[PDB]
Amino acid sequence: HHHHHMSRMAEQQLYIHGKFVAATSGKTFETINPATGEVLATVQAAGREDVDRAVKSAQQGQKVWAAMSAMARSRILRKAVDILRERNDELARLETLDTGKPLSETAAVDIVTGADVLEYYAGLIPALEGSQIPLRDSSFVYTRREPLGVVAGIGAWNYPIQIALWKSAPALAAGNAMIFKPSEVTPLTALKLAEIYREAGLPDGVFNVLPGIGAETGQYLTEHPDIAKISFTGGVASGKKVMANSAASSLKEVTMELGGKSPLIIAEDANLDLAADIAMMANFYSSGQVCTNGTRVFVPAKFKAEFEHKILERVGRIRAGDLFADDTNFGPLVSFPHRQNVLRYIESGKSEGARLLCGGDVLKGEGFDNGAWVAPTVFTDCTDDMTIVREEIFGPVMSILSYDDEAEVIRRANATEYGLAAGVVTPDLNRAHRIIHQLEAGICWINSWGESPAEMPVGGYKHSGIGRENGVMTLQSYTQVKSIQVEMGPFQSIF
Amino acid sequence: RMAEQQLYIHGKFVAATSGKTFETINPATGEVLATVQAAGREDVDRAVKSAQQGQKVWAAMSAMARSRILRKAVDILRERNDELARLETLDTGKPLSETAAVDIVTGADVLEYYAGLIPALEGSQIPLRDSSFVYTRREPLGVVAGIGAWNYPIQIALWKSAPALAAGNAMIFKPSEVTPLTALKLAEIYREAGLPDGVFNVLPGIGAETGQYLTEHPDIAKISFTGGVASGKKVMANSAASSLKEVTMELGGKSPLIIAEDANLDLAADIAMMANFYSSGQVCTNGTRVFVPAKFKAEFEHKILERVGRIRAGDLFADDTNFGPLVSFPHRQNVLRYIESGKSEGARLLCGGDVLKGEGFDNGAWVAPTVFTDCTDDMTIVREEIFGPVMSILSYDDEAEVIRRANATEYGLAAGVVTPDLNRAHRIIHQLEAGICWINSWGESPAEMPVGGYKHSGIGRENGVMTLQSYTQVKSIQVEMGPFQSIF
Ligand SMILES: [Cl-]
Ligand SMILES: [Cl-]
Ligand code: NA
Ligand code: NA
């Protein structure tokens with residue numbers, strides 16, 4: 001299968017105030033198709049003046065948007081939902097080109113669940129209420145949940161348009177304008193989202209999109225004095241940088257969704273076909289590039305051998321290939337530099353004495369040699385001090401760890417600075433709830449993995465995050481509380 | 001002269017291992033109140049391990065068992081109100097007429113409020129489909145740290161520790177080095193009430209040391225800070241660069257008081273007085289920009305002068321004293337620099353503007369109650385928080401103008417309006433960019449009412465039901481009862 005050269009797209013511009021506009025930075029970058037190594041597009045990088053221009057546009061649009069009725073805002077966000085449903089397949093193809101994730105994932109998950117969250121928040125806008133508190137017959141307090149104003153979202157590359165929707169949906173539903181910076185690795189679908197919002201009737205300026213580099217555009221947003229909140233999804237290290245600068249510049253509210261090393265606990269009474277199916281879904285979806293992945297799989301010592309056989313069987317079914325083929329369920333990694341990092345982790349697994357159950361190398365041959373492919377990889381005989389066990393790899397690398405008793409596995413599951421997700425496989429009522437209640441993670445799955453309903457707040461304990469996304473609480477967290485006391489009695493001064 | 005004050009770790013006073021001490025002064029006399037030990041890095045580690053142990057005991061108790069213990073501490077605080085207030089007056093220089101009526105009363109009010117809410121702390125349940133549902137738990141963060149300020153030492157210790165403890169956490173509290181004494185008393189009271197050892201530890205020290213060790217510690221899950229913007233930026237950075245902690249910040253402001261054209265000017269003047277000269281002007285929420293209509297400005301100025309002439313500086317333990325020295329001479333030096341800038345920038349000095357002098361005043365950092373008028377928005381005294389007894393009066397002409405000018409600041413803590421008009425009151429308040437808004441009053445902060453800043457004045461809130469919840473972390477749990485589908 002040849003004659004498959006794809007030409008590059010038109011140069012991608014910034015989106016400010018309901019239109020595409022040239023950056024004033026004079027700088028551009030390129031986004032690559034990780035399946036081919038070909039340039040997808042040249043993209044303009046927002047400079048400091050561009051960020052200033054976006055903030056003033058956002059301030060102007062926010063005023064229009066917040067003065068509307070609640071239901072007028074709901075109807076506009078619902079119209080964007082309708083367009084996203086209609087354009088699901090077109091957007092999924094673009095996301096696949098930009099990220100390397102199989103169309104079988106992007107057409108089923110990325111836009112579907114992004115729009116699910118926007119649809120959820122659209123319906124909740126009229127239910128955003130303050131409080132009233134009587135103090136005495138002559139005085140009472142009431143509160144308003146006011147927009148923060150202009151907020152910024154900084155996206156990650158593994159779920160580009162989904163992250164854009166999960167950040168912008170509650171921000172807009174709460175009456176804010178959002179300036180969104182997509183990952184420089186994956187800028188394309190965020191620009192499509194901006195056009196869709198405008199087409200749905202969103203006032204100009206309420207969702208502006210500034211592609212750029214993290215050290216530049218991202219920093220300018222975290223530093224801007226008129227941005228009230230930053231929401232960041234990305235790596236633990238970059239999170240530390242964003243959180244510091246948002247403080248050291250102007251005191252902003254913050255949300256951070258970072259990575260993890262999430263444990264999957266297989267109990268002694270688990271069905272091992274179910275356990276293996278869960279472990280597969282917790283490690284090899286999106287080629288292992290998922291923050292919540294269950295990359296430390298704890299198996300009772302007495303079941304380890306049988307569990308390894310069941311994992312080997314299922315790994316052998318994984319279908320790498322043409323990302324637009326229906327039956328493909330595994331893609332290359334997002335970039336060649338990322339593959340180099342994943343390969344360094346795999347080599348450290350080998351050199352530290354873990355047993356390679358399968359994989360451990362790049363894929364080779366016609367069609368794979370030009371993509372950033374890593375074979376699905378499983379290490380076993382792992383110990384808690386190994387680098388591959390302690391550190392997030394963000395590739396298709398499962399670590400299997402044996403354990404003897406429940407107290408032990410809880411200790412070892414929690415013995416980490418991460419705390420994003422966790423799960424248990426057990427048919428037993430008491431074991432399921434008892435174990436989960438003791439795990440130090442924000443997102444816990446019993447006898448499943450990976451579902452993230454719009455209703456369910458998600459985020460990390462410890463170094464895996466600050467704040468939450470989704471759920472009613474995240475609509476509220478994009479407002480700020482104003483307390484107002486009405487004193488109807490005579491005011492007494494002591495002077 | 002009090003005994004040398006020790007650290008409070010795990011239900012007892014313990015010697016610090018830093019080898020370091022500092023002194024706290026009586027700001028009215030210059031006398032040394034106490035030598036105080038400073039917590040070192042190992043002391044902070046020890047306090048954290050103590051807090052981890054106590055937090056486990058505390059969180060395993062029933063909700064009502066926790067509620068009863070905090071209520072016992074309230075009862076003790078009510079009984080010791082006057083003794084604690086007198087110590088607070090000695091440490092801060094604030095009149096006993098304030099500390100015995102406000103500081104402990106309202107600190108204990110908030111503890112009492114949260115004690116009763118512990119059993120109402122609930123998660124959620126969300127059905128997805130017949131075969132699957134989600135439930136959430138509001139779990140303790142674990143060990144949290146509070147960093148207090150010197151203007152309301154025990155009140156701040158109570159407003160931070162009450163929701164933290166009620167949410168099932170242990171708190172390590174670092175008082176201001178200027179005012180460490182009542183926080184140590186509070187730790188003893190909590191133990192006397194039955195608080196498990198380790199759940200409230202108190203570490204006096206310096207900001208450059210003890211405070212930094214707390215923000216850096218990997219096993220502290222949240223920092224709550226009250227103080228100045230400068231220290232706040234420093235605390236915010238270290239908490240991020242260390243272990244990604246949740247953060248709350250209660251900072252200063254330059255809050256506007258808007259007097260409307262239909263306001264009674266005796267009421268307006270009384271509100272402006274209370275918004276500027278309580279605690280000798282050392283209050284973050286003070287209404288230090290007083291906007292008055294041009295046509296009423298002269299009459300308002302006269303009414304302010306009449307009330308300023310009533311202020312009673314003197315013996316801080318006398319019933320009728322209602323004005324104290326500033327907390328320190330270095331702080332007075334800064335306030336005096338602001339007063340000088342008002343003079344040199346062309347504001348009109350209506351009254352005050354100098355130190356108080358004479359027997360009884362020369363040994364304290366007293367500043368006369370000071371009022372500038374004819375002020376403009378570009379003046380330093382208008383632009384910056386002074387944190388002393390300095391009111392700035394600003395003329396305005398129309399409502400749209402005064403809203404713009406009130407909001408034209410990066411601060412955003414408080415605001416207020418004086419008007420008998422229904423539409424004017426709500427219409428103006430809804431447009432102001434401040435978290436704490438008072439109509440026809442100033443300064444009341446009910447336990448039920450969330451308080452904190454917009455913009456550069458803060459992150460997060462204190463008090464209200466929401467602050468109990470903000471000292472928990474949400475865990476979402478999905479129960480999948482249907483058959484799990486893998487695509488592999
Ligand atoms: Cl262990
Ligand atoms: Cl103006
Ligand atoms: Na790309
Ligand atoms: Na003192």
# chains A, B, ... in the order shown; residues from 1 in each chain; ligands from 1
>>> closest_atom_pairs(of="chain B", to="chain A", cutoff="7 Å", atoms="only C-alpha atoms", output="CSV")
residue,atom,partner,partner_atom,distance
B:221,CA,A:462,CA,6.8
B:233,CA,A:248,CA,5.6
B:236,CA,A:247,CA,5.8
B:237,CA,A:244,CA,4.7
B:240,CA,A:240,CA,5.7
B:241,CA,A:240,CA,5.5
B:243,CA,A:463,CA,6.1
B:244,CA,A:463,CA,5.4
B:246,CA,A:466,CA,6.1
B:270,CA,A:493,CA,5.5
B:271,CA,A:493,CA,6.9
B:273,CA,A:495,CA,6.9
B:274,CA,A:493,CA,6.0
B:307,CA,A:495,CA,6.2
B:310,CA,A:495,CA,6.4
B:311,CA,A:495,CA,5.9
B:434,CA,A:482,CA,6.8
B:435,CA,A:482,CA,4.4
B:436,CA,A:483,CA,5.2
B:437,CA,A:484,CA,4.7
B:438,CA,A:485,CA,5.0
B:439,CA,A:486,CA,5.1
B:440,CA,A:487,CA,5.8
B:441,CA,A:491,CA,5.9
B:449,CA,A:483,CA,6.5
B:450,CA,A:483,CA,6.5
B:451,CA,A:483,CA,6.9
B:455,CA,A:228,CA,6.6
B:456,CA,A:251,CA,5.1
B:459,CA,A:253,CA,6.1
B:474,CA,A:442,CA,6.4
B:475,CA,A:442,CA,4.4
B:476,CA,A:443,CA,5.2
B:477,CA,A:444,CA,4.7
B:478,CA,A:445,CA,5.0
B:479,CA,A:446,CA,5.1
B:480,CA,A:447,CA,5.8
B:484,CA,A:448,CA,5.9
B:486,CA,A:277,CA,5.5
B:488,CA,A:318,CA,5.9
>>> residues_near_ligand(ligand="ligand 3", cutoff="10 Å", atoms="only C-alpha atoms and all ligand atoms", output="list in words")
residues 30, 31, 32, 33, 34, 35, 37, 38, 39, 40, 41, 94, 95, 96, 97, 98, 99, 100, 157, 183, 184, 185, 186, 187, 188, 334 and 335 of chain A
>>> write_last_selection(atoms="N, CA, C and O atoms", output="compact mmCIF listing (two decimals), in the first residue's frame")
# COMPACT_ATOMS: atom_id res chain seq x y z
N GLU A 30 5.61 23.62 13.79
CA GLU A 30 5.01 22.57 12.97
C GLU A 30 4.41 21.48 13.85
O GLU A 30 4.97 21.14 14.90
N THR A 31 3.28 20.93 13.43
CA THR A 31 2.73 19.71 14.01
C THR A 31 2.90 18.58 13.01
O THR A 31 2.69 18.76 11.80
N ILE A 32 3.29 17.41 13.53
CA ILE A 32 3.68 16.25 12.75
C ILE A 32 2.58 15.20 12.82
O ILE A 32 1.87 15.08 13.82
N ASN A 33 2.43 14.44 11.74
CA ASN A 33 1.61 13.24 11.76
C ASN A 33 2.47 12.11 12.32
O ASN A 33 3.43 11.68 11.66
N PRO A 34 2.20 11.63 13.53
CA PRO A 34 3.11 10.63 14.13
C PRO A 34 3.07 9.30 13.43
O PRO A 34 3.96 8.47 13.65
N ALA A 35 2.07 9.06 12.58
CA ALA A 35 2.03 7.81 11.83
C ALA A 35 2.96 7.84 10.62
O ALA A 35 3.36 6.78 10.13
N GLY A 37 5.47 10.80 10.06
CA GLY A 37 6.57 11.74 10.13
C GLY A 37 6.39 12.97 9.27
O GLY A 37 7.26 13.86 9.31
N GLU A 38 5.31 13.05 8.49
CA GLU A 38 5.08 14.18 7.60
C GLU A 38 4.55 15.39 8.37
O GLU A 38 3.83 15.25 9.37
N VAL A 39 4.85 16.58 7.87
CA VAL A 39 4.28 17.79 8.44
C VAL A 39 2.80 17.85 8.10
O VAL A 39 2.40 17.65 6.95
N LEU A 40 1.97 18.02 9.13
CA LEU A 40 0.55 18.28 8.95
C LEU A 40 0.28 19.75 8.66
O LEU A 40 -0.53 20.08 7.80
N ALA A 41 0.92 20.64 9.42
CA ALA A 41 0.64 22.06 9.27
C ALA A 41 1.74 22.88 9.92
O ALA A 41 2.42 22.42 10.85
N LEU A 94 -9.37 14.22 11.99
CA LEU A 94 -8.35 15.22 12.24
C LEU A 94 -7.57 14.91 13.52
O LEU A 94 -6.34 15.02 13.54
N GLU A 95 -8.27 14.51 14.59
CA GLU A 95 -7.60 14.16 15.84
C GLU A 95 -6.65 12.98 15.64
O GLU A 95 -5.55 12.96 16.20
N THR A 96 -7.07 11.99 14.86
CA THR A 96 -6.21 10.84 14.57
C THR A 96 -4.95 11.27 13.81
O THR A 96 -3.85 10.80 14.12
N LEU A 97 -5.09 12.16 12.83
CA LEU A 97 -3.93 12.63 12.09
C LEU A 97 -2.94 13.34 13.01
O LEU A 97 -1.73 13.17 12.89
N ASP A 98 -3.46 14.13 13.95
CA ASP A 98 -2.62 14.97 14.80
C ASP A 98 -2.01 14.21 15.98
O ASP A 98 -0.91 14.57 16.43
N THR A 99 -2.69 13.18 16.49
CA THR A 99 -2.26 12.48 17.69
C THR A 99 -1.72 11.08 17.45
O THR A 99 -1.03 10.54 18.33
N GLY A 100 -2.07 10.45 16.33
CA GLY A 100 -1.76 9.06 16.10
C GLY A 100 -2.67 8.07 16.79
O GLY A 100 -2.39 6.87 16.75
N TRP A 157 -1.68 16.82 25.06
CA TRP A 157 -1.70 16.32 23.70
C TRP A 157 -2.39 14.98 23.54
O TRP A 157 -2.62 14.56 22.40
N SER A 183 -1.91 21.97 23.32
CA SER A 183 -0.53 21.50 23.23
C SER A 183 0.04 21.79 21.84
O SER A 183 -0.63 21.62 20.82
N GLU A 184 1.30 22.22 21.82
CA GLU A 184 1.99 22.43 20.55
C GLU A 184 2.11 21.14 19.75
O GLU A 184 2.31 21.19 18.54
N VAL A 185 1.98 19.99 20.41
CA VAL A 185 2.03 18.73 19.68
C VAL A 185 0.74 18.50 18.91
O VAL A 185 0.74 17.80 17.88
N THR A 186 -0.38 19.08 19.36
CA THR A 186 -1.71 18.72 18.86
C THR A 186 -2.62 19.94 18.84
O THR A 186 -3.64 19.98 19.53
N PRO A 187 -2.31 20.94 18.01
CA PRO A 187 -3.11 22.17 18.04
C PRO A 187 -4.35 22.21 17.17
O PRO A 187 -5.09 23.20 17.25
N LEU A 188 -4.62 21.19 16.35
CA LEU A 188 -5.54 21.39 15.24
C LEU A 188 -7.01 21.37 15.65
O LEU A 188 -7.79 22.21 15.18
N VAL A 334 2.63 9.60 20.28
CA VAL A 334 2.28 10.91 19.72
C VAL A 334 3.43 11.57 18.98
O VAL A 334 3.20 12.50 18.19
N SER A 335 4.67 11.18 19.25
CA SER A 335 5.81 11.86 18.65
C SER A 335 7.02 10.96 18.78
O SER A 335 7.04 10.03 19.59
>>> closest_atom_pairs(of="chain B", to="ligand 4", cutoff="6 Å", atoms="only C-alpha atoms and all ligand atoms", output="Markdown table")
| residue | atom | partner | partner_atom_place_in_ligand_line | distance |
| --- | --- | --- | --- | --- |
| B:24 | CA | ligand 4 | 1 (Na) | 4.4 |
| B:25 | CA | ligand 4 | 1 (Na) | 4.3 |
| B:26 | CA | ligand 4 | 1 (Na) | 5.2 |
| B:91 | CA | ligand 4 | 1 (Na) | 3.6 |
| B:92 | CA | ligand 4 | 1 (Na) | 5.2 |
| B:178 | CA | ligand 4 | 1 (Na) | 4.8 |
| B:179 | CA | ligand 4 | 1 (Na) | 4.5 |
>>> residues_around(residues="residue 315 of chain B", least_positions_apart="5", cutoff="12 Å", atoms="only C-alpha atoms", output="PyMOL selection string")
chain B and resi 28-29+89-90+93-97+320-325+359-361+364
>>> write_last_selection(atoms="N, CA, C and O atoms", output="short mmCIF file (atom, residue, chain, number, x, y, z; two decimals), in the first residue's frame")
data_model
loop_
_atom_site.label_atom_id
_atom_site.label_comp_id
_atom_site.auth_asym_id
_atom_site.auth_seq_id
_atom_site.Cartn_x
_atom_site.Cartn_y
_atom_site.Cartn_z
N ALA B 28 2.49 48.18 73.63
CA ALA B 28 2.19 49.40 74.37
C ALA B 28 3.34 49.87 75.24
O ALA B 28 3.41 51.06 75.57
N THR B 29 4.27 48.98 75.61
CA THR B 29 5.32 49.35 76.56
C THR B 29 6.73 49.08 76.07
O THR B 29 7.67 49.63 76.64
N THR B 89 -4.43 41.25 74.12
CA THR B 89 -4.15 42.69 74.21
C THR B 89 -2.67 42.93 74.51
O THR B 89 -2.06 43.85 73.93
N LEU B 90 -2.08 42.13 75.40
CA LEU B 90 -0.67 42.27 75.72
C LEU B 90 0.21 42.01 74.50
O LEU B 90 1.22 42.70 74.30
N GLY B 93 -1.36 44.79 71.32
CA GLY B 93 -1.67 46.19 71.52
C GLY B 93 -3.10 46.59 71.21
O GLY B 93 -3.42 47.78 71.27
N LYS B 94 -3.96 45.65 70.87
CA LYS B 94 -5.34 46.03 70.61
C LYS B 94 -6.10 46.21 71.92
O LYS B 94 -5.92 45.44 72.86
N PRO B 95 -7.01 47.19 71.98
CA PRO B 95 -7.72 47.45 73.24
C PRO B 95 -8.49 46.23 73.72
O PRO B 95 -9.07 45.48 72.92
N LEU B 96 -8.51 46.05 75.04
CA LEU B 96 -9.30 44.97 75.63
C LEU B 96 -10.77 45.10 75.26
O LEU B 96 -11.47 44.08 75.17
N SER B 97 -11.25 46.33 75.04
CA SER B 97 -12.62 46.54 74.59
C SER B 97 -12.90 45.85 73.26
O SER B 97 -14.05 45.51 72.96
N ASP B 320 -13.15 52.29 78.49
CA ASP B 320 -13.50 53.28 77.48
C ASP B 320 -12.42 53.48 76.42
O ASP B 320 -12.65 54.24 75.46
N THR B 321 -11.26 52.84 76.54
CA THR B 321 -10.27 52.94 75.48
C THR B 321 -10.76 52.20 74.25
O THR B 321 -11.18 51.04 74.34
N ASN B 322 -10.74 52.86 73.09
CA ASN B 322 -11.18 52.23 71.85
C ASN B 322 -10.17 52.41 70.73
O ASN B 322 -10.52 52.23 69.55
N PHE B 323 -8.92 52.70 71.07
CA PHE B 323 -7.88 52.92 70.07
C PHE B 323 -6.54 52.54 70.70
O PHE B 323 -6.25 52.96 71.82
N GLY B 324 -5.75 51.76 69.97
CA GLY B 324 -4.49 51.28 70.49
C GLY B 324 -3.29 51.71 69.67
O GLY B 324 -3.41 52.35 68.62
N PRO B 325 -2.09 51.37 70.14
CA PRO B 325 -0.89 51.56 69.33
C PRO B 325 -0.87 50.58 68.17
O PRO B 325 -1.60 49.59 68.14
N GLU B 359 3.90 60.95 78.35
CA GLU B 359 3.95 59.84 79.30
C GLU B 359 2.87 58.83 78.93
O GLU B 359 1.71 59.20 78.71
N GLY B 360 3.26 57.57 78.84
CA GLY B 360 2.35 56.51 78.49
C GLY B 360 2.24 56.23 77.00
O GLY B 360 1.86 55.12 76.63
N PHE B 361 2.55 57.20 76.15
CA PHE B 361 2.51 56.99 74.71
C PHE B 361 3.88 56.83 74.07
O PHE B 361 3.98 56.21 73.02
N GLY B 364 5.03 53.20 73.13
CA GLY B 364 4.28 52.40 72.18
C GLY B 364 4.29 53.02 70.80
O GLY B 364 4.58 54.21 70.65
#
>>> closest_atom_pairs(of="chain B", to="ligand 2", cutoff="10 Å", atoms="only C-alpha atoms and all ligand atoms", output="CSV")
residue,atom,partner,partner_atom_place_in_ligand_line,distance
B:377,CA,ligand 2,1 (Cl),9.3
B:396,CA,ligand 2,1 (Cl),9.7
B:400,CA,ligand 2,1 (Cl),8.0
B:401,CA,ligand 2,1 (Cl),5.1
B:402,CA,ligand 2,1 (Cl),7.2
B:403,CA,ligand 2,1 (Cl),8.1
B:404,CA,ligand 2,1 (Cl),5.1
B:405,CA,ligand 2,1 (Cl),5.2
B:406,CA,ligand 2,1 (Cl),8.9
B:407,CA,ligand 2,1 (Cl),9.4
B:408,CA,ligand 2,1 (Cl),8.0
>>> write_last_selection(atoms="N, CA and C atoms", output="PDB file, in the first residue's frame")
ATOM      1  N   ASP B 377      -7.202  59.282  42.475  1.00  0.00           N
ATOM      2  CA  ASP B 377      -6.989  57.849  42.308  1.00  0.00           C
ATOM      3  C   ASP B 377      -5.536  57.479  42.074  1.00  0.00           C
ATOM      4  N   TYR B 396     -16.748  62.128  44.260  1.00  0.00           N
ATOM      5  CA  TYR B 396     -17.229  61.618  42.979  1.00  0.00           C
ATOM      6  C   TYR B 396     -18.518  62.332  42.581  1.00  0.00           C
ATOM      7  N   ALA B 400     -22.079  55.617  37.756  1.00  0.00           N
ATOM      8  CA  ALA B 400     -21.218  54.843  36.871  1.00  0.00           C
ATOM      9  C   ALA B 400     -19.757  55.135  37.166  1.00  0.00           C
ATOM     10  N   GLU B 401     -19.435  56.406  37.421  1.00  0.00           N
ATOM     11  CA  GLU B 401     -18.064  56.786  37.738  1.00  0.00           C
ATOM     12  C   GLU B 401     -17.566  56.076  38.992  1.00  0.00           C
ATOM     13  N   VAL B 402     -18.360  56.094  40.063  1.00  0.00           N
ATOM     14  CA  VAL B 402     -17.849  55.583  41.332  1.00  0.00           C
ATOM     15  C   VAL B 402     -17.690  54.069  41.279  1.00  0.00           C
ATOM     16  N   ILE B 403     -18.537  53.380  40.511  1.00  0.00           N
ATOM     17  CA  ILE B 403     -18.377  51.940  40.329  1.00  0.00           C
ATOM     18  C   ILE B 403     -17.068  51.648  39.601  1.00  0.00           C
ATOM     19  N   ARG B 404     -16.796  52.385  38.515  1.00  0.00           N
ATOM     20  CA  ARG B 404     -15.540  52.210  37.789  1.00  0.00           C
ATOM     21  C   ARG B 404     -14.347  52.407  38.715  1.00  0.00           C
ATOM     22  N   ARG B 405     -14.361  53.503  39.478  1.00  0.00           N
ATOM     23  CA  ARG B 405     -13.219  53.848  40.317  1.00  0.00           C
ATOM     24  C   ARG B 405     -13.082  52.879  41.480  1.00  0.00           C
ATOM     25  N   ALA B 406     -14.208  52.443  42.058  1.00  0.00           N
ATOM     26  CA  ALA B 406     -14.140  51.446  43.121  1.00  0.00           C
ATOM     27  C   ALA B 406     -13.481  50.162  42.636  1.00  0.00           C
ATOM     28  N   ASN B 407     -13.767  49.758  41.396  1.00  0.00           N
ATOM     29  CA  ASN B 407     -13.254  48.519  40.821  1.00  0.00           C
ATOM     30  C   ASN B 407     -11.865  48.642  40.194  1.00  0.00           C
ATOM     31  N   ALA B 408     -11.353  49.858  40.014  1.00  0.00           N
ATOM     32  CA  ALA B 408     -10.095  50.098  39.304  1.00  0.00           C
ATOM     33  C   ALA B 408      -8.918  49.892  40.258  1.00  0.00           C
TER      34      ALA B 408
END
>>> residues_near_ligand(ligand="ligand 1", cutoff="6 Å", atoms="only C-alpha atoms and all ligand atoms", output="PyMOL selection string")
chain A and resi 408+411-412
>>> residues_around(residues="residue 44 of chain B", least_positions_apart="2", cutoff="10 Å", atoms="only C-alpha atoms", output="list in words")
residues 9, 16, 39, 40, 41, 42, 46, 47, 48, 49, 50, 172, 201, 202, 203, 210, 211, 213, 214 and 217 of chain B
>>> closest_residue(among="A:83, A:64, A:378, A:92", to="residue 205 of chain A", atoms="only C-alpha atoms")
A:64
>>> select_by_dssp(residues="segment 90-209 of chain B", states="strand (DSSP E or B)", output="MDAnalysis selection string")
chainID B and resid 125:129 132:140 143:147 170:174 200:202
>>> residues_around(residues="segment 345-356 of chain A", least_positions_apart="4", cutoff="12 Å", atoms="only C-alpha atoms", output="count of residues only")
37
>>> select_by_dssp(residues="segment 159-195 of chain A", states="helix (DSSP H, G or I)", output="list in words")
residues 160, 161, 162, 163, 164, 165, 166, 167, 168, 169, 170, 171, 172, 173, 188, 189, 190, 191, 192, 193, 194 and 195 of chain A
>>> atom_distance(atom1="atom CA of residue 180 of chain B", atom2="atom CA of residue 388 of chain B")
21.1 Å
>>> atom_distance(atom1="atom CA of residue 21 of chain B", atom2="atom CA of residue 38 of chain B")
5.4 Å
>>> atom_distance(atom1="atom CA of residue 470 of chain A", atom2="atom CA of residue 173 of chain A")
12.1 Å
>>> residues_around(residues="segment 402-404 of chain A", least_positions_apart="4", cutoff="6 Å", atoms="only C-alpha atoms", output="number ranges by chain")
A: 298-301
>>> write_last_selection(atoms="N, CA, C and O atoms", output="tab-separated table (two decimals), in the first residue's frame")
chain	number	residue	atom	x	y	z
A	298	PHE	N	-1.27	-5.25	40.56
A	298	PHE	CA	-0.95	-6.09	41.69
A	298	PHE	C	-1.76	-7.38	41.60
A	298	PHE	O	-2.99	-7.36	41.64
A	299	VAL	N	-1.06	-8.51	41.54
A	299	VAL	CA	-1.71	-9.81	41.40
A	299	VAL	C	-1.29	-10.69	42.56
A	299	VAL	O	-0.12	-10.69	42.96
A	300	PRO	N	-2.21	-11.45	43.17
A	300	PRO	CA	-1.79	-12.38	44.22
A	300	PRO	C	-0.73	-13.34	43.69
A	300	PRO	O	-0.83	-13.84	42.56
A	301	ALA	N	0.28	-13.60	44.51
A	301	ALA	CA	1.38	-14.48	44.10
A	301	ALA	C	0.86	-15.80	43.54
A	301	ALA	O	1.40	-16.31	42.56
